[PDB]
Amino acid sequence: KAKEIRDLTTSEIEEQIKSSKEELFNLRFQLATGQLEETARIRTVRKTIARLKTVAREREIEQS
RNA sequence: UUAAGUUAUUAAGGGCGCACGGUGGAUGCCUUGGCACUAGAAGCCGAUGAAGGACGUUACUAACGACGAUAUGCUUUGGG
Ligand SMILES: [Mg+2]
Ligand SMILES: [Mg+2]
Ligand SMILES: [Mg+2]
């Protein structure tokens, strides 16, 4: 997904980070209430956030 | 029939031999780990926060390895 992230503006990366952290929060609450059963979504969102923060840092290090 | 004399049978248990079991982990075979060296290289890191740790990170969860809230991992360049 790193290629897809790389085409987003910096603010959009920040917007996707927040919404991904919101989806991840919702998945954990579903899991704790025994309602998710689709447990592979948790790791997918987690690594997506990692990729989003990786690129944000990359560009914040190319600018400075 | 009696008298005199002689000598068995028993095995509660024991002994010896034999047969069949149990226990135990010697012995043989084996190696995942060691021991002693040879050759080439390297030896010491730290306020740009070390050595060593604590606590955490996996869908489930104790310990160990790995990793650090980007956590049982992220990007990239090559290999495969
Ligand atoms: Mg008897
Ligand atoms: Mg015996
Ligand atoms: Mg594990």
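A, B, ... follow the sequence lines: proteins, then strands. Residue 1 opens every chain. Note that these values count all heavy atoms, side chains included, but never hydrogens, waters or copies made by symmetry.
Stacking between B:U57 and B:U58 does not hold, since their six-membered rings do not have both centres below 5.5 angstrom apart and planes below 30 degrees. Adjacent nucleotides B:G43 and B:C44 miss the stacking criterion of ring centres closer than 5.5 angstrom and planes inclined by less than 30 degrees. Under the rule of centres below 5.5 angstrom and planes below 30 degrees, the bases of B:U27 and B:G28 are stacked. For the strand neighbours B:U72 and B:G73, base stacking is absent under the 5.5 Å centre-distance and 30-degree plane-angle rule. A stacking contact links strand neighbours B:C74 and B:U75, their base ring centres being under 5.5 angstrom apart and the planes under 30 degrees.
Taking the P atom of each, B:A59 and B:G73 are spaced 9 Å apart, rounded to whole Å. Straight-line distance between the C1' atoms of B:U61 and B:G56: roughly 14 Å, to the nearest whole Å. Here the separation of B:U75 from B:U70, taken at their P atoms, is 15 Å to the nearest Å. For B:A51 and B:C67, the P atoms lie 13 Å apart once the distance is rounded to whole Å. For the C1' atom pair drawn from B:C74 and B:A66, the interatomic distance equals 15 Å after rounding to whole Å. Between B:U38 and B:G53, the two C1' atoms lie 38 Å apart (nearest whole Å). Between B:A36 and B:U27, the two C1' atoms lie 29 Å apart (nearest whole Å). The separation of B:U57 from B:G52, taken at their P atoms, amounts to 24 Å, rounded to a whole angstrom.
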Let me check I have this right: for RNA chain B, each base becomes ., (, ), [, ] or |, based on Watson-Crick or G-U pairs with both distances under 3.5 Å. What is the full string? ......................................................(((.......[)))...]........
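Look at CD on A:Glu58: it is 11 Å from P on B:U77, rounded to the nearest Å. Between the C1' atom of B:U57 and the CZ atom of A:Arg28 lies a distance of 9 Å, rounded to the nearest Å. Atoms CD1 (A:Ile13) and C1' (B:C74) sit 14 Å apart, rounded to a whole Å. Computed from coordinates, the A:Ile17 CD1 to B:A69 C1' distance equals 13 Å when rounded to whole Å. Per the geometry, CD1 belonging to A:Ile42 stands 9 Å off P belonging to B:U58, to the nearest Å. Distance CG (A:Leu24) to P (B:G73): 16 Å, rounded to an integer number of Å. A:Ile5 places its CD1 atom 8 Å from the P atom of B:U75, with the value rounded to the nearest Å. If you take CG of A:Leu52 and P of B:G73, they are 19 Å apart, rounded to a whole angstrom.
Judged by the sign of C1'-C2'-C3'-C4', B:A11 carries a south-puckered sugar. The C1'-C2'-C3'-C4' torsion of B:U70 is negative, which assigns its sugar to the south, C2'-endo side. A positive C1'-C2'-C3'-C4' torsion places the sugar of B:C30 in the north, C3'-endo-side range.
In this structure, A:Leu31 and A:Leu36 approach most closely via the heavy-atom pair N-CB, 3.9 Å. Minimum interatomic distance between A:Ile13 and A:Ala56 (heavy atoms only, all atoms of both residues): CG2-CB, 4.2 Å. Across A:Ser20 and A:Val45, no two heavy atoms sit closer than the pair O-CG1, 3.3 Å. Across all non-hydrogen atoms, the minimal contact from A:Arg59 to A:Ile5 is NH1-O, 4.5 Å.
Between the CD atom of A:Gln30 and the CD1 atom of A:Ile42 there is a distance of 8.5 Å, given to the nearest 0.5 Å. To the nearest 0.5 angstrom, A:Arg46 atom CZ is 12.0 Å from A:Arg51 atom CZ.
More than 90° away from 0 lies the glycosidic angle of B:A4, which makes this nucleotide anti. Syn is the glycosidic conformation of B:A69, whose angle stays within 90° of 0.
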I'd like a table of atom pairs between the protein and nucleotides 70-72 of chain B - only N or O on both sides, under 3.5 Å - with the distance next to each one.
unit_1, atom_1, unit_2, atom_2, d
B:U70, OP2, A:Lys53, NZ, 3.4
B:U70, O2, A:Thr54, OG1, 3.2
B:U70, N3, A:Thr54, OG1, 3.3
B:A71, OP1, A:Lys47, NZ, 2.8
B:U72, OP1, A:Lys47, NZ, 2.9
B:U72, OP2, A:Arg46, NH1, 3.1

